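Since the structure comes first, as structure tokens, the remarks are kept for the end.
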Amino acid sequence: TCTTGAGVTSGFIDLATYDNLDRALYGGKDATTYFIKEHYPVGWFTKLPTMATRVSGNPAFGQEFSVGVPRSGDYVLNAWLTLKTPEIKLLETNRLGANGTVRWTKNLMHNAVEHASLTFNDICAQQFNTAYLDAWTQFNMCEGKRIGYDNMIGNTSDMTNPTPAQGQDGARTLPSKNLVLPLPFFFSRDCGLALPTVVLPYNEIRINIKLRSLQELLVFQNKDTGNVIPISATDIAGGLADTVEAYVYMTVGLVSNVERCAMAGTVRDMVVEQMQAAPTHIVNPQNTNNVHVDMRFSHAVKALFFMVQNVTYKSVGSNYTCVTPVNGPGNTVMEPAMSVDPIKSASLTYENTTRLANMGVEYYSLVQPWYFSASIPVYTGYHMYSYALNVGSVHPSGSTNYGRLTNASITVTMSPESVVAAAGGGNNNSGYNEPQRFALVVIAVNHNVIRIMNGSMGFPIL
Amino acid sequence: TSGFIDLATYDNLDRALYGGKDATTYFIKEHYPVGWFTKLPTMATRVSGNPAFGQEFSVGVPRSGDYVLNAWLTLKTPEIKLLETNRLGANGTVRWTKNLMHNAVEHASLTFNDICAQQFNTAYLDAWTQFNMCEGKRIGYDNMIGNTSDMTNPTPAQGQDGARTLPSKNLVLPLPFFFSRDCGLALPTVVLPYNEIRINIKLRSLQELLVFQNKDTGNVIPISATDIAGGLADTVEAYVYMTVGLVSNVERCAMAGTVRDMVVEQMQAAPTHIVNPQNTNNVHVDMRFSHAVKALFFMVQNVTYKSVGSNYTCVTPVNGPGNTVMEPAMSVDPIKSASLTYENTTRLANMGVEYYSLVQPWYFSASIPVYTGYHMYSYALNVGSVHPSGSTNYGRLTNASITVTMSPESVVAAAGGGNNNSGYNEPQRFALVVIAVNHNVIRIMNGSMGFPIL
Amino acid sequence: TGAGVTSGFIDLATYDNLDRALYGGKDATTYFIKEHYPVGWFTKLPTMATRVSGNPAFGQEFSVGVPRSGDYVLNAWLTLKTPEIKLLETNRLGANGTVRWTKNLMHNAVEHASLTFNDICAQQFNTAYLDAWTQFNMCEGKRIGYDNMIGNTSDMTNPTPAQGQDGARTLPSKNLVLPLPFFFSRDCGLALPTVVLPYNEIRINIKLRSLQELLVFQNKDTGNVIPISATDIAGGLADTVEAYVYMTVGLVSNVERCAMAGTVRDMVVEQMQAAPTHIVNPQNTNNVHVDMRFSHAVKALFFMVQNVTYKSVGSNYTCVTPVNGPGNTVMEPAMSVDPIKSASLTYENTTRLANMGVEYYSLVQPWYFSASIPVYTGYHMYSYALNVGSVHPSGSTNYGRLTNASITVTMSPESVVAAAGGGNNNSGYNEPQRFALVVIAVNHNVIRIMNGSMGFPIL
Amino acid sequence: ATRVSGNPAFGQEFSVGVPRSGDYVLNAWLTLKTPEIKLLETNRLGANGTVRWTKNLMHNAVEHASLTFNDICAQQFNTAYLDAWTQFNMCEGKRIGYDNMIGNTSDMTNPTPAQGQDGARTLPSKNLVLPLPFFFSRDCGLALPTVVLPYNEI
Amino acid sequence: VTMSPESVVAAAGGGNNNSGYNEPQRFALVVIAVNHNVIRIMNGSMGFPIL
Amino acid sequence: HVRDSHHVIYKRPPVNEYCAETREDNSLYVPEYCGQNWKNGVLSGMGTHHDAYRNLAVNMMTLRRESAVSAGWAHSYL
């Protein structure tokens, strides 16, 4: 069955094939070769996870608590929050009676977390919130880990699946399990950026986390008409346990004695990325369909993430569409018949001299993520404009600083679907049965420099 | 404190691996300055013709920047409304062809002044986007070029129960060019004042852009203007955009007035070969490529109906319940085996099709195709990498051939006789197409560009 | 409408101390100018693997010699042609019986796959290592390709009833391919110097498992598993199989080969170690502590609990065996959670890692120190290194001078109740279940090439 | 010549290596012993049935017979090539002898009825020999230099 | 190759008993070639230079 | 007290034999005395190696692309 021409000798023809182009692309005394890998020594170290101690307050829904960074280590390069969700048990004595279902809000994590801040002594270094978390997880998500992430932060087709009352066919109870959320910080962004706790003494490091009330975490959805009303303690069995079991873990690493001694007593300069959120602007599309928002930023902005968010019902969150979700067949939430991002076009202006014309929404939706990001969002909304070649790269890229820039504004032109969904009149299970309201949020990511010297931290650029 | 126990363990192997005064360390990232620049999208001036389906129009790229580093085309789809007066009558549905974009584009060329620089077409587009598509952006890609279960889903006539109409939404297609492949490769517009870089795009007629299927017998007939409501518009709305970046004055002054050499990737398409499996089970194709080829993509396309495109399966897709489009059970790649011959000696034996389908993409590509067909062979370790790698210079080679042994299912599909909605209700015709991806060198000097080797 | 390209000048004009610190400078590397350097001239091509003893057969070990006379070997895979399955009406289960290929047909029937230099075994892996590595380091985009190459293509794993029933489909006999993960196949930088090894005979030994266990014979109603027999299916159980081994070789330039000829080279390689499996009975106690004994600088640990109730079913790390579901498809029972509830590591009675939750190992560790996250229950991993997939060394602790260490696992009430029987029909745990703890360790080693041979200096 | 791969069986293949520690190789032949065949009265055709060996028993059951040189297919041949070569390059006088070696003895190719019929003849089990036409066997002047080639496994 | 009337009538069946074509007959054309080559012996090894 | 398993015979079949240098064919191709066996037990397995074949292939190719146009013009067409 062997073939006469087949064999290793057939590669002699390819080896003999050689011309001026071949000797220009390949060859040379100093030309590097594959099949040989150079080996160089690296540092000697080790790592292990440690519980982070609690200092201020106690974990409770609707309250704020602080967690201190443990000492006795050398570098900290990780941080995550674990939380034990309570158990939900709907009752037939609720106000809606039979026509009423309860479920967890979409994206349980990124929710009940806001104003998460890192503080050295008494200064804030950076602070994020739900919109920034959603934008980051939609634009810089490595594939393959998406399933694990959607399993660790909720939306596992169990928390978000509506469950009817105990007197109906669906008697399923929402499970009480634990969920983990990594905290995106400048030290967690890259391995090369870590806090030198060994040379940062007497300067307490705190992480402040504020949770949300339990009322704004459960969506009490009407089975028939798709109307949302706030939840109450008497509606469900057991009650609403304000206190919750939430822990903060982080990874610390130890280095060699000679390396620690060498790095002790030296000035350190680090390049970090922070975020600035413009105040929310309430939009009324009934009056006008064009909205101008002025931005006041300070440092070299990397990208602007913007999206208009449905704010009709405070219970339901992370709904940047134009129509609120409604209950569907099979005790599963279904996307309404019509739902598009309310923004139809956007533009930028620097005291006239419009830099970016009235371009289409699909541009920011697809083209910019396709070219200057590591992923493309799978949900409607989340528009982005990046001044840099790569958003996710820690190394600085093309950017402009708004400190030397004059007043800058962003103009948004809405859509006929948005203006018709703003008013009510929708039939049952249409999502827009009640009048709808929207809000616009703008977030910018900028660069900054942190200097560590003489056991103190600060911003030399100021 | 428990980490000290691990840190204490230090053997000869650990001394060889880690440690040392010159050993690099983590947690300390070295920082180096980068260039100062900015970027912004721009329009593209139109120099000849008008955007119309089935016509060819040319666009001059906007110079007067510093580095053009991108290119894409945006188009506005028309509105489709099926009437009750169609030839198929009640038993008739109209839907956009699979992969609406990557179609209606052939001989898409980038030319300098009056000399062609490179070109591509639908086969190259499909092969590249099926072999070098990173995940995460796959949803965005197959959402921005159609394939959204709305354009491609069948729709009955207006009088029937299905009153759905095909939406008119804009679509975008990145144009794969040598400057768009990598950031490090950009056109030196500041260095090229004399050259007049231009881009030519030829569209396709709406007759073959729309699939007119029969609900019962699963047959395809060409569409006509009178069959649909409002007719068809020859003119279409489309623009071309690209990204232009500006550099600092000192850097551009220092870089101006010098000679530079760049490496680029071109496309070479061998002429298609009509295949009749009813007579012979073997098909030979001669390859006449010149430059140092890096990869070869060969595939067999069913060409029974001009409306359906990008179908590399022995059986055409048919209708399906719920107003969907589905492939029948007998839907597999027609190629059974392939081999290559270099001037009377076989470099590769008659090795199986599954090799080219899976093993080669697994080792020498960034992705594996999710559809049937798409057979490839790469002479380089990494196809997606722009840096030169393993390749063979076909210029110094004599005639080379590729032999494909077909499959019994392809043979039986070539004959009709299938029942309703079987796909092969009519005799089937196939065409073998081979595309080659190679390297080249472009020299920039005296405010002009050319090929020193050619 | 807009100012066009002129809008970039007002942006370029913005420049302050921060921009001087980040951008600018007389030595800043600019983009849009990619420096080009030459690379070595070479070529590559596939090749057969020569057969040296007998023919491949199920349940037997066969050896294949590595084809020499090349310059480097950096790729090897095995092609196996599956047989044809045709259930009959004379089976014991009769109407209430279905036959289907086991989950992960590949990674099964390939155990103790070993690479030996001369007559010294250099590497050896098996099903647990293959499954863990594939689940933890599967690059996305190739997932569909892998689940089409190695089986589980919704055709082998779909149950087919007997001929008299409505479902009379036959399992297609399509060839499958399995790459062999070896030290030379890990990266192109590490390639076997075939031309430099004239005094060695490199062999690869593959042990194919018996065909009887490769087929799952499932009761339609009660969800019970019984071994298959030659009388169940038509034709019979063919012990002999038609399989080959393919390899990829490369050729380099004469100047390079002569320059690198006659010199001593040190290489860093990766291989696995497997601790013996331990049968676990959660009825008596829910806490199990197992000693760990490994030799070299370990880098990664994968610990799992495998349901070993039936030999036919493989790669079942859940606590409940899968059962036949509606639509002639395998359906995962609702009550199926990984038996591991908590785990910890102990160093000579000094707890290095506390009694953390199972979700930690399941999700947090892969999220931070891996390129992928498992999509199935089980697959618990702890890595001493920042990046598991990186061939370059990272954080690792050697067990050579480390004293006795232990791993403690605490099971779950679901596992406790699944160990006992009492399950109803189509519940998976109708019969009592049995569990086996398995641990795999991945470490580093050094191989020296000198005088036309190979050896381990560190050992 | 010692065998190195597989075992001799119908439907499978085996590889036999050329013996080493020699100086030249100039011949090659393969010997095989035929089994015993005896028709049974309970066959499918009953009484209306006969069994016989196919014409030219040898040159059959030897297909894709190949010679390889340590990495490459040196050459190969099969039934059609053997038949054509022996019909077009037969030295008369040896024709009867070669036919006898390959079969065609009117004892294996003559059909035999079942044991219940008048013809109770059973096909005998006599070993047969087939030369292997190779380039080193075509002429005496062309031989394989085993001593000169120590880097190949023929 | 041009066929023959005997071949085209033997392809169809209908032959009586012991005629040898009771069932329909099918045929396959086989073509083989005999050629030349050159082998080289050097450096304790052999191969085909022209290939 | 120490052991390695590389090899013990030095340079009789020199490792660098595939390059271009002086040859050693006078020893391993002929037995030293009558009764001595043949020296091919592990060396066999590396076929068509040595740079001579590669150089011969390069020399044969050299200019085939430019020389194939004429070829038989001086032999066939009158």
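As shown in the structure tokens, the chain order sets the letters A, B, ...; within each chain, residues go from 1, and ligands are also counted from 1 in the order they appear.
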
>> Taking only stretch 42-288 of chain B into account, list the residues labelled helix (DSSP H, G or I) by DSSP (computed from the backbone), as a ChimeraX atom specification.
In response: /B:122-131,138-144,178-181,206-209,225-227,249-255

Restricting it to N, CA, C and O atoms, dump the selection as a short mmCIF file (atom, residue, chain, number, x, y, z; two decimals), in the first residue's frame.
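Saved to out.cif:
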```
data_model
loop_
_atom_site.label_atom_id
_atom_site.label_comp_id
_atom_site.auth_asym_id
_atom_site.auth_seq_id
_atom_site.Cartn_x
_atom_site.Cartn_y
_atom_site.Cartn_z
N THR B 122 -14.60 35.70 -2.93
CA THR B 122 -15.44 35.03 -1.94
C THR B 122 -14.77 33.79 -1.38
O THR B 122 -14.88 33.50 -0.18
N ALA B 123 -14.07 33.02 -2.23
CA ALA B 123 -13.43 31.80 -1.75
C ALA B 123 -12.35 32.11 -0.73
O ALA B 123 -12.27 31.48 0.33
N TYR B 124 -11.50 33.09 -1.04
CA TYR B 124 -10.45 33.48 -0.10
C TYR B 124 -11.05 34.03 1.19
O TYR B 124 -10.57 33.73 2.28
N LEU B 125 -12.11 34.84 1.07
CA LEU B 125 -12.75 35.39 2.27
C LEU B 125 -13.28 34.28 3.16
O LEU B 125 -13.04 34.27 4.37
N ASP B 126 -14.00 33.32 2.57
CA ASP B 126 -14.56 32.22 3.35
C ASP B 126 -13.46 31.39 4.00
O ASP B 126 -13.55 31.04 5.18
N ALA B 127 -12.41 31.06 3.24
CA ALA B 127 -11.33 30.24 3.79
C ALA B 127 -10.64 30.96 4.95
O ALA B 127 -10.41 30.37 6.01
N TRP B 128 -10.32 32.24 4.77
CA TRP B 128 -9.61 32.97 5.81
C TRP B 128 -10.47 33.12 7.06
O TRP B 128 -9.98 32.92 8.18
N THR B 129 -11.75 33.45 6.89
CA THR B 129 -12.61 33.63 8.05
C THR B 129 -13.06 32.32 8.68
O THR B 129 -13.60 32.34 9.79
N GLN B 130 -12.87 31.19 8.00
CA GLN B 130 -13.13 29.90 8.61
C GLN B 130 -11.89 29.29 9.25
O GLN B 130 -12.02 28.39 10.08
N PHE B 131 -10.70 29.75 8.87
CA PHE B 131 -9.47 29.17 9.40
C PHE B 131 -8.75 30.05 10.42
O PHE B 131 -8.00 29.51 11.24
N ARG B 138 -16.46 35.73 16.97
CA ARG B 138 -17.20 34.97 15.97
C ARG B 138 -18.65 35.41 15.89
O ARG B 138 -19.22 35.51 14.80
N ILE B 139 -19.28 35.65 17.04
CA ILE B 139 -20.66 36.11 17.06
C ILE B 139 -20.79 37.46 16.37
O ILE B 139 -21.69 37.68 15.55
N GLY B 140 -19.89 38.39 16.69
CA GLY B 140 -19.91 39.68 16.02
C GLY B 140 -19.72 39.55 14.53
O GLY B 140 -20.40 40.23 13.75
N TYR B 141 -18.80 38.68 14.10
CA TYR B 141 -18.53 38.54 12.68
C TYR B 141 -19.73 37.96 11.94
O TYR B 141 -20.17 38.52 10.93
N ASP B 142 -20.28 36.85 12.43
CA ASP B 142 -21.42 36.27 11.72
C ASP B 142 -22.73 36.97 12.06
O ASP B 142 -23.79 36.49 11.65
N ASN B 143 -22.67 38.06 12.82
CA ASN B 143 -23.81 38.95 12.97
C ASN B 143 -23.72 40.20 12.10
O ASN B 143 -24.76 40.74 11.72
N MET B 144 -22.52 40.68 11.79
CA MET B 144 -22.40 41.90 11.00
C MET B 144 -22.45 41.67 9.49
O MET B 144 -22.53 42.65 8.74
N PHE B 178 -2.91 43.84 3.18
CA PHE B 178 -1.62 43.66 3.83
C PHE B 178 -1.41 44.67 4.95
O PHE B 178 -0.81 44.35 5.98
N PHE B 179 -1.91 45.90 4.77
CA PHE B 179 -1.79 46.88 5.84
C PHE B 179 -2.77 46.60 6.97
O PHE B 179 -2.51 46.96 8.13
N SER B 180 -3.91 45.97 6.67
CA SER B 180 -4.89 45.65 7.70
C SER B 180 -4.54 44.38 8.46
O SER B 180 -5.11 44.14 9.53
N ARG B 181 -3.61 43.57 7.94
CA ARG B 181 -3.26 42.33 8.62
C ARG B 181 -2.60 42.60 9.97
O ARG B 181 -2.97 42.00 10.99
N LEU B 206 -28.64 41.10 -8.24
CA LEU B 206 -29.60 40.64 -7.25
C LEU B 206 -30.26 39.32 -7.63
O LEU B 206 -30.88 38.69 -6.77
N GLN B 207 -30.14 38.89 -8.89
CA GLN B 207 -30.76 37.64 -9.31
C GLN B 207 -30.16 36.45 -8.56
O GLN B 207 -30.89 35.56 -8.10
N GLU B 208 -28.84 36.42 -8.43
CA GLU B 208 -28.16 35.33 -7.74
C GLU B 208 -27.92 35.63 -6.26
O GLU B 208 -27.39 34.77 -5.55
N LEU B 209 -28.28 36.82 -5.79
CA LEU B 209 -28.14 37.16 -4.38
C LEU B 209 -29.33 36.72 -3.54
O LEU B 209 -29.25 36.77 -2.31
N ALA B 225 -37.93 40.54 -10.94
CA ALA B 225 -38.41 41.76 -10.29
C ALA B 225 -39.91 41.72 -10.06
O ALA B 225 -40.40 42.14 -9.01
N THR B 226 -40.67 41.22 -11.04
CA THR B 226 -42.12 41.18 -10.92
C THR B 226 -42.59 40.19 -9.86
O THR B 226 -43.74 40.29 -9.41
N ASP B 227 -41.75 39.24 -9.46
CA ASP B 227 -42.16 38.26 -8.47
C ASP B 227 -42.30 38.87 -7.08
O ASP B 227 -43.14 38.42 -6.29
N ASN B 249 5.68 65.38 14.49
CA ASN B 249 6.43 66.07 13.44
C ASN B 249 7.89 65.64 13.42
O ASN B 249 8.45 65.41 12.34
N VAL B 250 8.51 65.51 14.59
CA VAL B 250 9.92 65.13 14.63
C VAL B 250 10.11 63.71 14.09
O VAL B 250 11.04 63.44 13.32
N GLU B 251 9.22 62.79 14.48
CA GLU B 251 9.34 61.41 14.00
C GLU B 251 9.13 61.33 12.50
O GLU B 251 9.87 60.63 11.80
N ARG B 252 8.13 62.05 11.97
CA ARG B 252 7.89 62.00 10.53
C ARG B 252 9.02 62.66 9.75
O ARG B 252 9.37 62.20 8.66
N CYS B 253 9.62 63.73 10.30
CA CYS B 253 10.75 64.35 9.63
C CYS B 253 11.96 63.43 9.62
O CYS B 253 12.67 63.33 8.62
N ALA B 254 12.22 62.75 10.74
CA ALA B 254 13.34 61.81 10.80
C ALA B 254 13.13 60.64 9.85
O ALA B 254 14.07 60.20 9.17
N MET B 255 11.91 60.11 9.79
CA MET B 255 11.63 58.94 8.97
C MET B 255 11.57 59.29 7.48
O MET B 255 11.87 58.44 6.64
#
```

> Residues of chain A within 10 Å of chain E, using only C-alpha atoms, as a ChimeraX atom specification?
Replying inline: /A:4-6,9-10,12-13

> Residues at most 12 Å from residue F:39, counting only C-alpha atoms, excluding those fewer than 6 positions away in the same chain, as number ranges by chain?
Replying inline: D: 20-22, 146-151; E: 44; F: 12-13, 27-32

> Which polymer residues have any atom within 6 Å of an atom of stretch 371-381 of chain B, counting only C-alpha atoms, with same-chain residues fewer than 4 positions away left out, as an MDAnalysis selection string?
Replying inline: chainID B and resid 294:299 312 333 356:357 364 389:391

For C-alpha atoms, I'd like the residues from the last selection saved as a PDB file, in the first residue's frame.
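Everything below was put into part-v9.pdb:
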```
ATOM      1  CA  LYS B 294       2.669  29.600   2.458  1.00  0.00           C
ATOM      2  CA  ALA B 295      -0.737  27.895   2.437  1.00  0.00           C
ATOM      3  CA  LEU B 296      -3.104  26.144   0.034  1.00  0.00           C
ATOM      4  CA  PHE B 297      -6.881  25.935   0.504  1.00  0.00           C
ATOM      5  CA  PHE B 298      -8.723  23.578  -1.840  1.00  0.00           C
ATOM      6  CA  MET B 299     -12.446  22.888  -1.816  1.00  0.00           C
ATOM      7  CA  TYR B 312     -19.306  23.263  -0.284  1.00  0.00           C
ATOM      8  CA  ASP B 333     -18.025  16.832   2.117  1.00  0.00           C
ATOM      9  CA  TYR B 356      -6.816  18.285   5.993  1.00  0.00           C
ATOM     10  CA  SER B 357     -10.170  18.867   7.698  1.00  0.00           C
ATOM     11  CA  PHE B 364      -1.075  25.085  12.212  1.00  0.00           C
ATOM     12  CA  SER B 389       7.922  31.000   8.291  1.00  0.00           C
ATOM     13  CA  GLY B 390       8.262  27.743   6.364  1.00  0.00           C
ATOM     14  CA  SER B 391       7.398  28.148   2.691  1.00  0.00           C
TER      15      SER B 391
END
```

Residues of chain C at most 8 Å from chain F: nearest atom pair and distance in Å, only C-alpha atoms, as a tab-separated table:
```
residue	atom	partner	partner_atom	distance
C:67	CA	F:45	CA	7.7
C:68	CA	F:46	CA	5.6
C:69	CA	F:46	CA	4.1
C:70	CA	F:49	CA	7.8
C:196	CA	F:15	CA	7.3
C:198	CA	F:43	CA	6.3
C:199	CA	F:42	CA	6.0
C:200	CA	F:42	CA	7.1
C:201	CA	F:42	CA	7.4
C:254	CA	F:51	CA	6.5
C:258	CA	F:19	CA	6.2
C:261	CA	F:16	CA	6.1
C:262	CA	F:16	CA	6.4
C:450	CA	F:6	CA	6.9
C:451	CA	F:6	CA	6.5
C:452	CA	F:15	CA	6.7
C:453	CA	F:6	CA	5.0
C:454	CA	F:6	CA	5.9
C:455	CA	F:5	CA	6.3
C:457	CA	F:4	CA	7.7
```

Hey, can you spit out that residue selection with C-alpha atoms as a PDB file, in the first residue's frame?
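Result written to selection35.pdb:
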```pdb
ATOM      1  CA  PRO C  67      10.757   6.854  12.060  1.00  0.00           C
ATOM      2  CA  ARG C  68      14.319   8.168  12.187  1.00  0.00           C
ATOM      3  CA  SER C  69      16.429   9.630   9.300  1.00  0.00           C
ATOM      4  CA  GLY C  70      14.816  13.060   9.693  1.00  0.00           C
ATOM      5  CA  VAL C 196      21.798  13.669  16.568  1.00  0.00           C
ATOM      6  CA  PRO C 198      21.957   7.560  16.079  1.00  0.00           C
ATOM      7  CA  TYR C 199      22.559   5.211  19.022  1.00  0.00           C
ATOM      8  CA  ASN C 200      18.967   4.992  20.305  1.00  0.00           C
ATOM      9  CA  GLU C 201      15.807   3.174  19.225  1.00  0.00           C
ATOM     10  CA  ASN C 254      23.392  21.415   6.308  1.00  0.00           C
ATOM     11  CA  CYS C 258      26.910  20.614  11.123  1.00  0.00           C
ATOM     12  CA  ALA C 261      26.451  18.447  15.549  1.00  0.00           C
ATOM     13  CA  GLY C 262      28.752  17.029  18.207  1.00  0.00           C
ATOM     14  CA  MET C 450      25.303  13.986  24.390  1.00  0.00           C
ATOM     15  CA  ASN C 451      27.409  11.478  22.448  1.00  0.00           C
ATOM     16  CA  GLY C 452      24.434  10.572  20.279  1.00  0.00           C
ATOM     17  CA  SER C 453      22.185   9.476  23.144  1.00  0.00           C
ATOM     18  CA  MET C 454      19.948  10.742  25.941  1.00  0.00           C
ATOM     19  CA  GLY C 455      19.822  10.507  29.715  1.00  0.00           C
ATOM     20  CA  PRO C 457      21.475  13.884  34.794  1.00  0.00           C
TER      21      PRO C 457
END
```

>> Within 10 Å of chain D, which residues belong to chain C? Use only C-alpha atoms and report them as number ranges by chain.
In response: C: 47-56, 67-70, 242

Which residues are near residue D:108? Cut-off 8 Å, only C-alpha atoms, ignore same chain within fewer than 6 positions. Put them as a PDB file with N, CA and C atoms, in the first residue's frame.
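Saved the output as part-v7.pdb:
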```pdb
ATOM      1  N   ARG D  52     -14.293 -25.382  -5.385  1.00  0.00           N
ATOM      2  CA  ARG D  52     -13.005 -25.506  -6.050  1.00  0.00           C
ATOM      3  C   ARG D  52     -12.178 -24.258  -5.787  1.00  0.00           C
ATOM      4  N   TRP D  53     -10.862 -24.407  -5.908  1.00  0.00           N
ATOM      5  CA  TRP D  53      -9.972 -23.261  -5.822  1.00  0.00           C
ATOM      6  C   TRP D  53     -10.038 -22.452  -7.110  1.00  0.00           C
ATOM      7  N   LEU D 123      -9.896 -31.777  -1.693  1.00  0.00           N
ATOM      8  CA  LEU D 123      -8.759 -31.022  -2.202  1.00  0.00           C
ATOM      9  C   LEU D 123      -7.550 -31.229  -1.295  1.00  0.00           C
ATOM     10  N   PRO D 124      -6.412 -31.660  -1.833  1.00  0.00           N
ATOM     11  CA  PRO D 124      -5.249 -31.931  -0.983  1.00  0.00           C
ATOM     12  C   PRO D 124      -4.617 -30.649  -0.466  1.00  0.00           C
TER      13      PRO D 124
END
```

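Atom CA of residue B:135 lies 9.5 Å from atom CA of residue A:376.
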
Show me, as a CSV table (one decimal) with N, CA and C atoms, in the first residue's frame, the residues that have an atom within 10 Å of residue C:392 when counting only C-alpha atoms, minus same-chain residues fewer than 5 positions from it.
```csv
chain,number,residue,atom,x,y,z
A,37,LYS,N,15.2,26.4,21.8
A,37,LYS,CA,14.6,27.3,22.7
A,37,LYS,C,15.7,27.8,23.7
A,38,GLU,N,15.9,29.1,23.8
A,38,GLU,CA,16.9,29.6,24.8
A,38,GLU,C,16.2,29.6,26.2
A,39,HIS,N,17.0,29.1,27.1
A,39,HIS,CA,16.6,29.0,28.5
A,39,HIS,C,17.3,30.0,29.4
A,40,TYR,N,16.6,30.8,30.1
A,40,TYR,CA,17.2,31.8,31.1
A,40,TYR,C,16.5,31.6,32.4
A,41,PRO,N,17.3,31.8,33.5
A,41,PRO,CA,16.7,31.6,34.8
A,41,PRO,C,15.8,32.8,35.2
A,42,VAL,N,14.8,32.4,36.1
A,42,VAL,CA,13.9,33.4,36.6
A,42,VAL,C,13.9,33.5,38.1
B,17,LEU,N,17.1,25.8,37.4
B,17,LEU,CA,15.9,26.5,36.8
B,17,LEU,C,15.8,28.0,37.2
C,268,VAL,N,14.7,21.1,28.9
C,268,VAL,CA,13.7,21.1,30.0
C,268,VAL,C,12.5,20.5,29.5
C,269,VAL,N,11.9,19.5,30.2
C,269,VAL,CA,10.8,18.7,29.7
C,269,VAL,C,9.7,18.6,30.8
C,387,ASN,N,1.2,30.2,35.2
C,387,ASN,CA,0.6,29.7,33.9
C,387,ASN,C,0.9,28.3,33.8
```

Please provide as a PDB file with C-alpha atoms, in the first residue's frame all residues within 8 Å of stretch 80-92 of chain D, with the sequence filter that same-chain residues fewer than 2 positions apart are discarded (counting only C-alpha atoms).
```pdb
ATOM      1  CA  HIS D  59      -0.767 -14.530  -7.971  1.00  0.00           C
ATOM      2  CA  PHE D  77       3.124  -5.171  -7.523  1.00  0.00           C
ATOM      3  CA  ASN D  78      -0.143  -7.094  -7.504  1.00  0.00           C
ATOM      4  CA  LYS D  94       9.565 -23.979 -17.392  1.00  0.00           C
ATOM      5  CA  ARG D  95       5.925 -23.117 -18.154  1.00  0.00           C
TER       6      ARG D  95
ATOM      7  CA  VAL E  30      -7.223  -2.286 -15.686  1.00  0.00           C
ATOM      8  CA  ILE E  32      -0.586  -1.046 -15.783  1.00  0.00           C
TER       9      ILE E  32
END
```

>> Rounded to one decimal, what separation in Å do you get between atom CA of residue D:8 and atom CA of residue D:34?
In response: 12.6 Å
